[PDB]
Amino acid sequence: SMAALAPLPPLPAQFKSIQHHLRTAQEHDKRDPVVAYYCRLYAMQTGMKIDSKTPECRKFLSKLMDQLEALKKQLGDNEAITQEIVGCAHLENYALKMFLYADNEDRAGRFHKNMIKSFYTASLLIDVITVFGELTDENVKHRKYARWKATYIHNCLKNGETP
């Protein structure tokens, strides 16, 4: 019931490139607040790179920072927040779990929204872990593979063809 955790302003058009990362954040507010936090942290860092001075962008980022400060406080004594190494592993491993879920569906020839979303979200989470520093080679490889699969399978199903 912290007011700072209430919804943000509408996303500025300048920040279109982080719309899906922010959506991922909010879909995890209950499910996994650690993921919710770091997705917002990435959105904040990326948004500042893009535009922190245009009034709408400055206002949006100011509210996002309010929400980050509140959420960090509320997460309290959480290892994945107090220890960057653990936070990075938490996100990397959550990405890997949905990646391997989607891979298992793919290998079985089971194509559906959930595994498409799992591939795509895995790729978004690898974007997010750039907040911890340089990506590993395997990070780069997984993000590319996952986003390719999400796009490819989606397009095939849209056209009625088996991937």
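Numbers for residues come from their place in the sequence shown, where the first is 1.
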Higher-B stretch (mean Cα B-factor, as the entry records it), 104-112 or 28-36: 28-36
Name the higher of the two by mean Cα B-factor in the PDB entry, 128-136 versus 38-46. 128-136
Test of reading the entry: by CA B factor among the chain's modelled residues, which third contains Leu71? middle
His142 by Cα B-factor - lowest, middle or highest third of the modelled chain: middle
Which third, lowest, middle or highest, does the C-alpha temperature factor of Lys53 belong to within its own chain? highest
Among the chain's modelled residues, which third holds the C-alpha B-factor of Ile81? highest
